[PDB]
């Protein structure tokens with residue numbers, strides 16, 4: 025296969041945005057998938073490839089996928105692994121590129 | 025468009041399972057998208073159509089999407105809306121069909 029096709033119950037428009045973030049000394053390729061309310065972000069992490077959904081948040085866009093939290097405020101974003109850091113308070117900082 | 029294509033960085037196999045759950049007196053069509061670690065569930069809710077990702081859990085499969093929590097233990101599953109119920113403790117019970 026190689027690809028996940030989610031068929032949406034409508035003719036909604038679907039957009040794909042890719043961003044390069046630099047997290048410390050590592051690269052991270054994140055691709056966003058937007059279709060109205062639906063918003064996914066595929067995190068191509070070294071540890072495991074994750075597809076996270078946009079979850080409830082107050083400021084920024086919080087994304088939840090496997091054990092990961094991808095929280096983006098603008099060009100900045102915080103990477104949380106909930107097993108490395110169950111408190112969700114010692115994130116890895118990333119910069120958009 | 026009408027469809028979300030997530031292109032996976034590999035030739036992993038991708039499977040699609042659809043289930044009918046009955047939640048009280050309503051129907052719910054849920055489709056699961058599995059590709060290794062990656063696991064999504066499109067919830068075709070009356071309120072809004074949601075695509076949730078599999079998140080960290082201890083028992084069952086917990087899925088997070090928008091303000092929704094879809095938690096499945098077997099044929100049973102609990103639907104939480106975090107704005108209706110911020111405590112995540114008064115779920116709507118659903119039965120597989």
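Protein chains in written order, with the authors' numbering: chain A, 25 to 121; chain A', 25 to 121. A prime marks a further copy of an entry chain. All C-beta atoms, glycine included, are put in the ideal place defined by N, C-alpha and C.
_Under 8 Å, Cβ to Cβ, is there at least one residue of chain A' near residue 76 of chain A?_
As a first step, residue 76 of chain A must be located in the first chain, where it is residue number 52. Chain A' contact via Cβ: present.
_Judging by CA-CA distance, which residue of A'/36, A'/69, A'/62 and A'/40 is the nearest neighbour of residue 52 of chain A'?_
Position 28 of the second chain, counting from 1, holds the residue named residue 52 of chain A'. Taking only the C-alpha atoms, the option nearest residue 52 of chain A' is A'/69.
_Contacts that residue 29 of chain A makes with chain A' (C-beta to C-beta distance below 9 Å)_ = Locating residue 29 of chain A in the first chain gives position 5, counting from the first residue. Ordered by position in chain A', the residues that pass the 9 Å Cβ test against residue 29 of chain A are 27, 28, 29, 30, 38, 40 and 57.
*Looking only at its own chain, which residues have a Cβ that is under 7 Å from the Cβ of residue 105 of chain A, when we skip the five neighbours before and after it?*
Reading the first chain from its first residue, position 81 is the one you call residue 105 of chain A. So the qualifying residues of the chain are 91 and 92.
*Are residue 38 of chain A and residue 28 of chain A' close, meaning C-beta to C-beta below 8 Å?*
Numbered from 1 along the first chain, position 14 holds the residue referred to as residue 38 of chain A. Numbered from 1 along the second chain, position 4 holds the residue referred to as residue 28 of chain A'. Against a cut-off of 8 Å, the Cβ pair of residue 28 of chain A' and residue 38 of chain A comes out as a contact.
*So, helix, strand or coil for residue 42 of chain A', using DSSP?*
As a working mapping, residue 42 of chain A' is identified with position 18 in the second chain. Strand at residue 42 of chain A'.
*Within its chain, find whatever has a CB closer than 6 Å to the CB of residue 41 of chain A; leave out the 5 residues flanking it on each side and keep chain order.*
Along the first chain, read from residue 1 onward, the residue named residue 41 of chain A stands at position 17. Contacts found: 56.
*With DSSP collapsed to three states, give me the class of residue 51 of chain A.*
The sequence position of residue 51 of chain A within the first chain is 27, counting from 1. Here residue 51 of chain A sits in strand by DSSP.
*Who are the neighbours of residue 66 of chain A' on chain A, taking C-beta pairs under 7 Å?*
As a first step, residue 66 of chain A' is located in the second chain; it is residue number 42 there, counting from the start. Those are 30, listed as they occur along chain A.
_Can you list, in chain order, the residues of its chain with a C-beta nearer than 7 Å to that of residue 119 of chain A? Leave out the 5 residues immediately preceding and following it._
The count along the first chain starts at 1 and reaches residue 119 of chain A at position 95. Cβ neighbours of residue 119 of chain A beyond the five flanking positions: 45, 46, 99 and 100.
_Excluding the 5 residues flanking residue 89 of chain A' on each side, which residues of the same chain have their C-beta closer than 8 Å to its C-beta?_
Stepping through the second chain from its first residue, residue 89 of chain A' is reached at position 65. For residue 89 of chain A', where only same-chain residues beyond five positions count, the Cβ hits under 8 Å are 65, 67, 74, 75, 76 and 77.
*Name the chain A residues whose beta carbon is nearer than 9 Å to that of residue 35 of chain A'?*
As a working mapping, residue 35 of chain A' is identified with position 11 in the second chain. Ordered by position in chain A, the residues that pass the 9 Å Cβ test against residue 35 of chain A' are 25 and 26.
*Using the beta-carbon of each residue, which ones in chain A' are nearer than 7 Å to residue 106 of chain A?*
The count along the first chain starts at 1 and reaches residue 106 of chain A at position 82. Neighbours of residue 106 of chain A on chain A', chain order: 80.
*Could you check which residue in A'/71, A'/82 and A'/83 has the C-alpha nearest to that of residue 107 of chain A'?*
For the purposes of this step, residue 107 of chain A' is identified with residue 83 of the second chain, where counting begins at 1. Ranking the options by Cα distance to residue 107 of chain A', first place goes to A'/71.
*Determine the DSSP secondary structure at residue 37 of chain A', reduced to helix, strand or coil.*
By one-based count along the second chain, residue 37 of chain A' stands at place 13. Residue 37 of chain A': coil per DSSP, three-state reduction.
_Outcome for residue 83 of chain A' when other beta-carbon atoms lying within 10 angstroms are tallied against a minimum of 16_ = To locate residue 83 of chain A', count along the second chain from 1; it is residue 59. When all chains shown are included, residue 83 of chain A' counts as exposed.
_Residue of A/34, A/32 and A/25 minimising C-alpha distance to residue 36 of chain A'_ = Taking the first residue of the second chain as position 1, residue 36 of chain A' is located at position 12. Among A/34, A/32 and A/25, the Cα nearest to that of residue 36 of chain A' belongs to A/25.
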